[PDB]
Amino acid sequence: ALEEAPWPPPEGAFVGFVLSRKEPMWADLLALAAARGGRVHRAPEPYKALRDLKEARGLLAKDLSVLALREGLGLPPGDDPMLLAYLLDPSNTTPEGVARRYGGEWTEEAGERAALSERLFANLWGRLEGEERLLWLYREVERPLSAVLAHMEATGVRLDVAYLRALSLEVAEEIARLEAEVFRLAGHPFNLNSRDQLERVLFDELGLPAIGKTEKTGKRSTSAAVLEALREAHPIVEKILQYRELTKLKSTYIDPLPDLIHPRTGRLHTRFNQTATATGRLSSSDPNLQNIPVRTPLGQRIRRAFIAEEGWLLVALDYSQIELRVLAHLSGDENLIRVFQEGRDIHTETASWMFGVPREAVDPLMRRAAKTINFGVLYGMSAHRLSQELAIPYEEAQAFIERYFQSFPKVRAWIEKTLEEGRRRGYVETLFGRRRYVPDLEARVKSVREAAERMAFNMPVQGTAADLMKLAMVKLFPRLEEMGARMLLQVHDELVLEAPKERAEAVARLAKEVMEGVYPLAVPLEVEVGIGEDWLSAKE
């Protein structure tokens, strides 16, 4: 089809490339090609050939930009059909699916990938004609954001390896104590990591009551929520829960992360996936640095391992009560607007009530648990579940849900308005017009339809918060480059920056103002900021 032409391609050509593995910071570049003008250009040696491109345009452009940055090359990502497709329909998450849907096949050959990129861009650009709000999201948020994310991925974050190595040995001994006690109490050994074997021990051998079932297979559940209901029914349960806490943290964070330090940077590199969620959030993988522990004492020790370069400090910025502020703007509830114009904190107020203590007496943990309650109730938690979570009667949980919504009466009205337009249109949208298609709003099975409803009216709130965070990153990044600071991590409504010590205070003030003023709403956005040598100390 396309005519074979010699490398290098003309400027503006679409790129195709093949990696030895999905992670750009770790991949060998196996092949590189470009397409334009009815021609395909295949690079004889892909690494040297990278130097000839001025921009990465095509499928997965950010990934190639990250690998280019790793090699010390300034190759910014530009147009990417994945971003066009993701804005049309966020279920467009993979190149295999986007190709099949919009006019090609995702193969394992760079030249074909280049040609595909060119063809898909033409077609998806056609599909977005007249979709001015989606085009605004593309031009003003997603396309420039991909350059920011590429820099973040290639920079990475420093980890106190030696500290985590020592911690692993300590936690191993504590796990053995717990495992040995569980085996003694069971009367025999078994694989405590096997929920099938544990199910048999707890409910058949020890005759404990089984209060819940698993979704797909209908086994008697051994989840923490079920075990919590049995803490006093048998001493083994407590040991199991402690075993699970420690093995989760050791197997997921303590042991794996030190092995992922990159040999050239000496740092840890995540991937920020831009077309991965139904709501417009980013995701993080390989490793996921958006679920680093924070709750328990051991979790906090793990978070302390994330440190600044010597002579630098971390700056952590996190939006206050962000989805409740977004809800206030979307719904227009005067009571909820007044809450934020008055400086009130709904998480602290729920915590004080939950634990029966003055606001002053609430600590960050109790507040973070009240946060779960406030959003749980908002997005549809049942009184049955709430009464279990809070250890109160069904009747008192029922009453809490009623007063919650009676306090902000326009919220329920906004919920039902959102679902009505989602039924008529087939999608719901954020403040900026990002869409999520929810066909099951018309489902004839109530449980399916009602699950769809909770997904559907969550998306405008969570997605607007994501749009705002993304726009803030796009605005903030060039200001940080000017000041010699780095953007390292995003955790949905939070940024972790790295700044020279002498500039950390100025960077913190600037980043806070950029984030708070990203897009004025009917309520102020407030950002909490901290500075410290480690991630835990920077969020205090």
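Each residue number is its position in the shown sequence, starting from 1. Rigid core here is just the name for the largest C-alpha set that superposes within 1.5 Å across the two forms.
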Seminar exercise, completed: Core-fitted, the stretch whose Cα atoms sit farther from this form in 8 other deposited structures of this protein, 406 to 414 versus 130 to 138, is 406 to 414
Seminar exercise, completed: Between 450 to 458 and 358 to 366, the one drifting more in C-alpha RMS in 8 other deposited structures of this protein once the core is aligned is 358 to 366
Seminar exercise, completed: Per the PDB entry, mean CA B-factor is higher for 360 to 368 or 289 to 297, namely for 360 to 368
For this session: Taking the mean of the C-alpha B-factors per stretch from the entry, tell me the winner out of 67 to 75 and 232 to 240.
Result: 232 to 240
For this session: Identify, among 398, 279, 321, 93, the residue whose C-alpha carries the highest B-factor in the deposited PDB entry.
Result: 398
For this session: Among the candidates 163, 136, 121, 353, give the one with the maximum CA B-factor reported in the record.
Result: 353
Exercise. Is the Cα B-factor recorded for residue 24 in the lowest, middle or highest third of its chain?
Worked result: lowest
Seminar exercise, completed: residue 437: C-alpha B-factor third of its chain, per the entry, is the lowest
Seminar exercise, completed: Binned into thirds over the chain's modelled residues, the C-alpha B-factor of residue 524 lands in the highest
Problem set entry | Ranked C-alpha temperature factor of residue 191 among modelled chain residues, by third | middle
For this session: Going by the recorded CA B-factors, say which third of the chain residue 81 sits in, lowest, middle or highest.
Result: lowest
